[PDB]
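The chain that follows stands alone, in the form deposited in one PDB entry, written as structure tokens.
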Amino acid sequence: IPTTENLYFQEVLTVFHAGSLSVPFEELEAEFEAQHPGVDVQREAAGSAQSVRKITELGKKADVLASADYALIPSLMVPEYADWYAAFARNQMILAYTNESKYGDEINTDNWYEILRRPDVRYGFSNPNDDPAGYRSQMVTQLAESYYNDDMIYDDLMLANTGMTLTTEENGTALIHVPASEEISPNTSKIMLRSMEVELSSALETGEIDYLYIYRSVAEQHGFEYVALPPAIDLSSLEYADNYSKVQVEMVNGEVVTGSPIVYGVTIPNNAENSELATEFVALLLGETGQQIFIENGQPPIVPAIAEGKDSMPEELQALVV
């Protein structure tokens, strides 16, 4: 029987981070505890949007907040809960699978959506209201329409199988509306939906789902075979930023996220209890040691880190940022 520590957090350093950061932050935890004897790092892994909402709406206090989408910090935390943030890593949306997945040896970059259209094929993605990988899965599928010249890709895979709706904005931008989390109501024969993307890893391993909308790093961390989606739709390239911006996702609470290159962001909240200790953890993260942890885990780091609001940043961190 799990204790409260075994359920919740599965001196004190409280860190709320993204699900895809579970592997590098686990190695960062062990290294930080090795350098600091009496320090117990307590990590809570959740979708980045709900990780932010714990601080901004639930009144929870964290020392370190790390998101899969850096932009959630200035749009939701700044200026009441945050005065600064730093872009530290990059990632890539892929479609993961294993040997057991149906149509495995036959799926490639030019037919992935056609495979997902099949009634026997089941696929997974996380909750877009809570997780970046969840809303990014919708972004990838919608952008695939204009790339492959097929205006029915998003309708067949998402609109006809969930509670998601779509409207066209005045500038031609597509806007995806995500209803209440319980009213998403996915077609069980076609879609499996979790709160965060990494909980769906177990589903792909057993063959409960055939394909999974997830990051490249997570696929390499688990050893899954994957489909390298075109740079124009996979949110991996800085050059295709103008193309990615033509799709937006509105959450149930009215918050709008925009298609952009996947850029991870970190910050130390304004109401942090151990801000001194948090500084040292972020220093290890943005320093050479943190950089090598990401490279070894298949996640490319932004070296040097790009920060905003440097006049509010602690002095120890200003030597590691741009």
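Throughout, we count residues from 1 along the sequence that is shown.
Keep in mind the form deposited in another entry is missing from the figure; the text below concerns it.
Hinge residue, chosen from 243, 33, 208, 261: the C-alphas switch from fitting one rigid part better to fitting the other at 261 when the forms are compared between the shown form and the other one.
Relative to this form, residue 82 and residue 249 separate from one another in the other form, with their C-alpha atoms ending up at least 3 Å farther apart.
Figure legend: C-alpha atoms of residue 96 and residue 19, shown here, are separated by at least 3 angstroms more in the other form.
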